[PDB]
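Residues per chain are reported as follows:
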Protein chains: 20
Amino acid sequence: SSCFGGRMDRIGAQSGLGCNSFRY
Amino acid sequence: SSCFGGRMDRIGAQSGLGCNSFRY
Amino acid sequence: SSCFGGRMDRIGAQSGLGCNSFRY
Amino acid sequence: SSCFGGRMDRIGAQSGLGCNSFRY
Amino acid sequence: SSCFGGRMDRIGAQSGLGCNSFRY
Amino acid sequence: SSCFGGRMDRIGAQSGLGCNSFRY
Amino acid sequence: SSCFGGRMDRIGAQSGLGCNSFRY
Amino acid sequence: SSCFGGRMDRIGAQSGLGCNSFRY
Amino acid sequence: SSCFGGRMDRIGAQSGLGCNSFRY
Amino acid sequence: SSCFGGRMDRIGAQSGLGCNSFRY
Amino acid sequence: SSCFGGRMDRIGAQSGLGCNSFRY
Amino acid sequence: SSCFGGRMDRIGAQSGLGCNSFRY
Amino acid sequence: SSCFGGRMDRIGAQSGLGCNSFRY
Amino acid sequence: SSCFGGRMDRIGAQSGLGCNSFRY
Amino acid sequence: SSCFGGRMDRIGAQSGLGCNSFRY
Amino acid sequence: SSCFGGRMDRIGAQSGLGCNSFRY
Amino acid sequence: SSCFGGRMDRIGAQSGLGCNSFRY
Amino acid sequence: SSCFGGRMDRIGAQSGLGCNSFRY
Amino acid sequence: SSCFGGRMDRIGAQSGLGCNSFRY
Amino acid sequence: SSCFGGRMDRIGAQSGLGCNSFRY
């Protein structure tokens, strides 16, 4: 395969306990 | 396959316990 | 296959316990 | 609000471009 | 808000470009 | 807010370009 | 495979206990 | 805010370019 | 494989106990 | 804010270019 | 005669010749 | 006659010839 | 799509906090 | 798409905190 | 007649010929 | 897309903290 | 008549010929 | 995309802290 | 009539011919 | 992309702390 990235600003990943998160 | 990214601003992923989250 | 991304702003994915979430 | 949660084994959250994913 | 959480084994959070992922 | 947490074994957080990932 | 990165600004990954996080 | 935490064994946080990662 | 980096500004990775973090 | 922490065994934080990483 | 500002995201003022503009 | 500013993200002022602008 | 203009004397554009302004 | 523009004398653009401004 | 500034991220002022601008 | 421009005398652009400004 | 500045990240002022600019 | 420009006399650009400025 | 500056990161002032500029 | 430029007399550019400035 192949992966080409564009423009990314505020990408966020949370794994596990992430309560009360991602409050944009 | 092939993956081309456009423009992304506030992409968010939460895995596990994510209660009370994603409050845009 | 092939996947081309357009413009994305506030895409959100929650897996597991996500009660009281996605309060846009 | 209370998040108790049981036993969680294979939990996946994909946000954005997730083509050809979650193939169990 | 209380985050207790049980036994978690295979938890995955992918944010952005996650093509061909989460292949169990 | 209280983060107690149980026994966590295989926890993965990928942010950005995570193609061909989380192959269990 | 092959991975080409574009432009990234505020990419964030949290694994484990990440409650009350990602407050953009 | 209190971060207690239990027993954590294989915890991974990848930020940026993480292609072909988290292969369990 | 091969990995080519673009432009990155505020990439952040936290592993373990990261509560009350990533407050952009 | 209090960071107590339990027993942590294999904790990995990769920031930047982390291709072909976190192969358990 | 005071005033307090809340949270603002995308604010635009155009005075004069502003045709074909404000294309959200 | 004081004033206090909150949080601002994308603020734009155009005066004069500003056609084909403010394309959010 | 073009724009020619004309005569402009006291054009004013204000974005954001603009209390007690534009007093002629 | 072009822009020619004529006569401009007292054009004013203000972004951000602009309280008690643009007093003619 | 004082004023206090909060947090500002992307502030733009254009005066005069500013066509085809402010393309967020 | 070009821009010719005519006669400009007292053009003014201000970004940020600009309280009590642009007084003609 | 004092003023205090908070935190500023990307502030731009353009006066005169500023077409095709401020492309955030 | 070119820019020719005409006659400019008292053009002024200010970024940052600019309180009590641009007084004609 | 004093003023105090906070933290500044990317501040730009352009006066005169500044077309095709401020490409953040 | 070129720039020819005409007659310029009292052009002024100020970045940073510029309180009580640009008084004509």
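The sections below set out a description of the structure shown in this document. (Residues numbered from 1 in each chain as written, not as in the entry; some residues may be left out. Chains lettered and ligands numbered in written order. Heavy atoms only, no water.)

Remarks on the interface of chain P and chain R
In step 1: The interface of chain P with chain R comprises 24 residues on the first partner and 24 residues on the second.
In step 2: Of the roughly 2000 Å² buried between chain P and chain R on both sides combined, carbon and sulfur atoms contribute 46%.
In step 3: Its largest share of buried area at the contact with chain R, chain P owes to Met8, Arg10 and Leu17 of chain P, together 21% of the area lost on that side.
In step 4: Run the count over chain P and chain R and you get 0 salt bridges.
In step 5: On inspection of chain P and its partner chain R, the count reaches 25 residue pairs in polar contact.
In step 6: Of all elements in the fold, only β1 (7–8) and β2 (12–17) of chain P reach the threshold of two or more residues within the side of chain P that touches chain R. (Contact = heavy atoms within 4.5 Å. Buried area = accessible area lost by both parts, 1.4 Å probe. Salt bridge = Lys/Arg side-chain N within 4 Å of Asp/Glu carboxyl O. Polar contact = N/O pair within 3.5 Å; in protein donor to acceptor, adjacent residues only side chain to side chain. Helix = DSSP H or I, 4+ residues; strand = E, 2+ residues; numbered from the N terminus.)

Description of the state of the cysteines
In step 1: The final tally for this structure, using the stated rule, is 10 disulfides over all chains.
In step 2: The residue that forms a disulfide with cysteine 3 of chain C is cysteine 19 of chain D, at a sulfur-sulfur distance of 2.1 Å. Measuring handedness by torsion sign, the sulfur bridge of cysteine 3 of chain C and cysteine 19 of chain D sits at about -95 degrees and is left-handed. With one member in each of two chains, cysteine 3 of chain C in strand β1 (residues 3–4) and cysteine 19 of chain D in the segment after β2 (8–17) form a pair that bridges those chains.
In step 3: We note that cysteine 3 of chain R lacks a disulfide partner, and the nearest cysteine sulfur, in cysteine 19 of chain S, lies 3.8 Å from it.
In step 4: We classify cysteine 3 of chain R as buried; its relative accessible area is 6%. (Disulfide = S-S within 2.5 Å. Buried < 20%, exposed > 50% of the residue type's maximum accessible area, 1.4 Å probe, protein only.)

Quick word on the pairing of strand β3 (residues 12–17) of chain A
In step 1: The buried fraction of β3 of chain A is high, at 6 of 6 residues.
In step 2: As judged from the 6 bridges shared by β3 of chain A and strand β3 (residues 12–17) of chain B, these two strands associate in the parallel manner. Directly across from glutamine 14 of chain A, in β3 of chain B, lies its bridge partner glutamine 14 of chain B. (Pairing = 2+ DSSP bridges.)

Topic: the packing of aromatic side chains
In step 1: All told, the structure shown has 58 aromatic pairs over all chains when counted by the stated rule.
In step 2: For the ring pair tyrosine 24 of chain L and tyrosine 24 of chain O, a centre distance of 4.8 Å and an interplane angle of 0 degrees mean the geometry is stacked. Pair noted here: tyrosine 24 of chain L is in the segment after β2 (7–17) and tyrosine 24 of chain O is in the segment after β2 (7–17), and the two residues belong to different chains.
In step 3: On the basis of relative accessible area, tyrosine 24 of chain L is assigned to the buried category, the value being 13%.
In step 4: Their ring planes at 0 degrees and their centres at 5.2 Å tell us that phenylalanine 4 of chain O and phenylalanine 4 of chain Q sit as a pair that is stacked. One end of the pair, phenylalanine 4 of chain O, is in strand β1 (residues 3–4); the other, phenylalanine 4 of chain Q, is in strand β1 (residues 3–4), on a second chain. (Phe/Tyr/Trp six-rings, centres within 6.5 Å; stacked < 30°, edge-to-face > 60°.)

Considering the sheet that holds β1 of chain Q
In step 1: Taken in spatial order, the 5 strands line up as β1(K)-β1(L)-β1(O)-β1(Q)-β1(S) in an open sheet, and their pairing is parallel. Two strands lie at the open edges of the sheet, namely β1 (3–4) of chain K together with β1 (3–4) of chain S, each paired on one side alone.
In step 2: Pairing analysis gives 2 bridges linking strand β1 (residues 3–4) of chain L to β1 of chain O, with the strands arranged parallel. Looking across to β1 of chain O, one finds that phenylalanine 4 of chain L is bridged to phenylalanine 4 of chain O.

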